[PDB]
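So you can see what is in the structure, the chains are spelled out below.
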Protein chains: 4
Amino acid sequence: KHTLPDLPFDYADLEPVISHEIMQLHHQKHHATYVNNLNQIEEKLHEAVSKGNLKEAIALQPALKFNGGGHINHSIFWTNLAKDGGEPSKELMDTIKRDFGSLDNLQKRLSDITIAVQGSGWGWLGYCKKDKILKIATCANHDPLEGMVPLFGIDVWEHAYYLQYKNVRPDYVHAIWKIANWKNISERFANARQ
Amino acid sequence: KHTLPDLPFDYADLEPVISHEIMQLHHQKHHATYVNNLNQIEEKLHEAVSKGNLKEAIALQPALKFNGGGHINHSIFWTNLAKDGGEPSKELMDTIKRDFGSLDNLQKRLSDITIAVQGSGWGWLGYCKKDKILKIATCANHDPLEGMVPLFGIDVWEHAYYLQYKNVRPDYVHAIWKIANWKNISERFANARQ
Amino acid sequence: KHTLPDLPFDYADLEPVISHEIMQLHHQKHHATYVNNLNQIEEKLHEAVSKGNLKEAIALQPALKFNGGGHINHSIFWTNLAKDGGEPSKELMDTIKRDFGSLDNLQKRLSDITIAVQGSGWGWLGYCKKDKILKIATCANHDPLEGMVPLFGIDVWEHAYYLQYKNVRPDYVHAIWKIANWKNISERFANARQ
Amino acid sequence: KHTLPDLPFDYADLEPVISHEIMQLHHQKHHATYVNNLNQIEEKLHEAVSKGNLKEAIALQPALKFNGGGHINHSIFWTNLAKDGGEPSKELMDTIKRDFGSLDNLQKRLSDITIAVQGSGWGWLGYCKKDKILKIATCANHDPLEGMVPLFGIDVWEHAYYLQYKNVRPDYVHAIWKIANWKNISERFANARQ
Ligand SMILES: [Mn+2]
Ligand SMILES: [Mn+2]
Ligand SMILES: [Mn+2]
Ligand SMILES: [Mn+2]
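Considerations on the relation of the copies chain B and chain A
- The transform that puts chain B on chain A rotates by 179° and translates by 0.4 Å along the axis, for an RMSD of 0.3 Å. Interpreted geometrically, this transformation is the action of a two-fold axis. When each C-alpha of chain B is compared by its distance to the rotation axis, B:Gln61 comes out closest, at 3.1 Å.
- Take the interface residues of chain B: 100% of them recur as interface residues in chain A, which is what a same-surface contact looks like.

And the structure:
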């Protein structure tokens, strides 16, 4: 069944950008809760789809999306962060330049749309295999990113930043680039491009 | 596996309120398509859930909701229509009077919200078990009627009326009350109160 | 133009249920921001609607809803909270009993749907003048409550509780009833019922 | 005040691809209704904004979006259709080849997503100024095409095809390319790149 993945670092290792208390709650309470609930829902969905209990299958969809999306998004998020993440691979940098002009333009554009999310959500850098281009997008709540492979996500649910940054979401979104795990992001890019 | 239910009457039995060409297309083409697509989508969902492919399972939700709702809604709709519908049961009529004042008030209010649907959708009379009251609502596309048991539905997708009524949706919505199957609606009401 | 209303109490007066820091940020940063942005948007919307700049009018809608809704909701919220709120009027209690059985059932049912909000949102007790009944509902983000008069709202955006309650939204939703301003809620009920 | 634009051709000029009865209803009934409703809704919105009645202004958003989008979309659609459409301009064809590989690939991809619309909506070819690329998208109902300038639209509301094509939407979507007004589409492209 689905399990809570261990973080690739210790709870305080992203300080001073994201605090120990945030990492601890975000992992041990929020992500844990999505996993526990997803397992209950997924079992129920398997039951209903097998038995052709259609009204119940349809009813279980929003909870599967929310908790499943929560599990997907946070699992990617933890791999996307590092105390010293390094720099983008030459192939990823070259592609960032091609599709956004520069890393600066990408960071600005993604930070801006992510900051602008109304309510809870996530910003994403992804790769679209069909049209062979990097794209940026936002998603409401825990809706998984669709139509492109995720590379780097920024959680802008208030629980992601509030204990440290309070209302100042922009400072958190700008600061998270300091701990972007470019090694991992580059690996995801390579994989999406095979 | 889901199957297309036979109509409880022949294709021309609802004339002049709904034409035989409409009933033929609506059942043999539209509903049949929802069933065929539903079966394929359920198969793909069962596979995704069995494999633990969470992103794939979530991605199938819109299609299951759309085709599953299509199957559910049209299945109900055929049972809700009759040339000889009869009258509400005393218990249903009494409840209509209690909750809407009169059958006249119910018909007007449900017709008005149904006529007002922007795009494709349905109008519903339903029964809420929790609060033991009749309610009316509309749903977009084939979205689920949430929190109430469906009693009587009015399809205002353009395919439900256009060949006969053209753009004049109101003439259709007002006329459908003439073929409401109150025997069926009363049975659904009795079941909902069990 | 729209202005930030003063709170009817001092920032620490709802302790220990809602902290001074939360009240201060919630009022001086979050609500202030909705007001400042609403004024900019409303001016732009007036411009576009007067000049028949239709694409721009449509584009400005989501920001008007979000900031306008923010202003509406928070203005009601501050009047809904008090250190000693009193008890519901006899007329409101009688109506709560009629429509929910008891205050306990109302509190449980409203707390449950409010707790269950996926992402950011609000829970509401309202009064529907058409069917002359109390109702409960939730709204996503800052979508104003529609179809009924608002009486009591519970903000479950994470900024409403996180500094104090962290992830434990249920404890905040249960505890807020301790500071429900029943004098104000009763007054809104009386007004909705004229 | 908004007005119903005359068609740039007579009602039967698009036969056998779109019937004269469809063109007549679509323009004289459907589009006319969007215009008439738009004018009324704009008036009510102007009044609400002038009065500072924020809840009322917000409540009018769905109707403005729906009728305003109806007016915008159909206005574009009439200019996008011609018996003698011609061929894309060299600059547009070159861009189609750059961004989709071929006109064949564009037509297939846009047709497929358009055919796949669940419920009422539209398919679009558009141009994104920011990234200087052509894109395709669908929109539900009359929702705005966001972030790109519309070039060519395909209405797949059932009223756009049902009298002629009945349930066979694909035959309509494949056939409409025969009457795409490439002169108009090329002009819109040139304007979008200014
Ligand atoms: Mn999170
Ligand atoms: Mn139908
Ligand atoms: Mn708030
Ligand atoms: Mn149309």
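Some points on the relation of the copies chain A and chain C
- Superposing chain A onto chain C takes a rotation of 180° plus a shift of 0.0 Å along the axis, which leaves an RMSD of 0.0 Å.
- Most of the interface of chain A is mirrored in chain C, where 100% of its interface residues are also at the interface.

Re the domain arrangement of chain A
Residues and elements named next belong to chain A.
- Per the domain assignment, the segments making up chain A are domain 1 (19-82) and domain 2 (83-194).
- Between the C-alpha centres of domain 1 and domain 2 the distance comes to 21 Å.
- On the side of domain 2, 28 residues touch domain 1, which itself brings 20 residues to the contact.
- Between domain 1 and domain 2, a total of about 2,000 Å² is buried, with carbon and sulfur atoms accounting for 61% of that surface.
- Here domain 1 is connected to domain 2 by one salt bridge.
- No other element matches the ten residues that helix α2 (residues 54-79) contributes to the side of domain 1 that touches domain 2.
- Class assignment for the residues of the side of domain 1 that touches domain 2 results in nine nonpolar, nine polar and two charged.

Topic: the UniProt feature "binding site: Mn(2+)" in chain A
Residue and element names in this part refer to chain A.
- Here, UniProt's "binding site: Mn(2+)" annotation points to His 26, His 74, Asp 155 and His 159. Across 134 residues in sequence, these annotated residues keep their C-alpha atoms within 12.5 Å of one another, forming a single compact spot.
- Along the chain, the position of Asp 155 falls in strand β3 (residues 149-155).
- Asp 155 gets classed as buried once you look at its relative accessible area, which sits at 0%.
- With residues near it in sequence (within four places) discarded, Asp 155 still touches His 26, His 74, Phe 77, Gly 121, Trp 122, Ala 160 and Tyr 172.
- Separated by 2.9 Å, the side chains of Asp 155 and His 26 make a polar contact.
- Here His 159 lies in the loop between β3 and α5 (162-165).

About the criteria used
Residues numbered from 1 in each chain as written, not as in the entry; some residues may be left out. Chains lettered and ligands numbered in written order. Heavy atoms only, no water. Least-squares fit on C-alpha atoms. Contact = heavy atoms within 4.5 Å. Domains from an automatic or database assignment. Buried area = accessible area lost by both parts, 1.4 Å probe. Salt bridge = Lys/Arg side-chain N within 4 Å of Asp/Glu carboxyl O. Helix = DSSP H or I, 4+ residues; strand = E, 2+ residues; numbered from the N terminus. Nonpolar A, V, L, I, M, F, W, Y, C, P; charged D, E, K, R; others polar. UniProt positions renumbered as here; feature names shortened; annotations may be inferred. Buried < 20%, exposed > 50% of the residue type's maximum accessible area, 1.4 Å probe, protein only. Polar contact = N/O pair within 3.5 Å; in protein donor to acceptor, adjacent residues only side chain to side chain.

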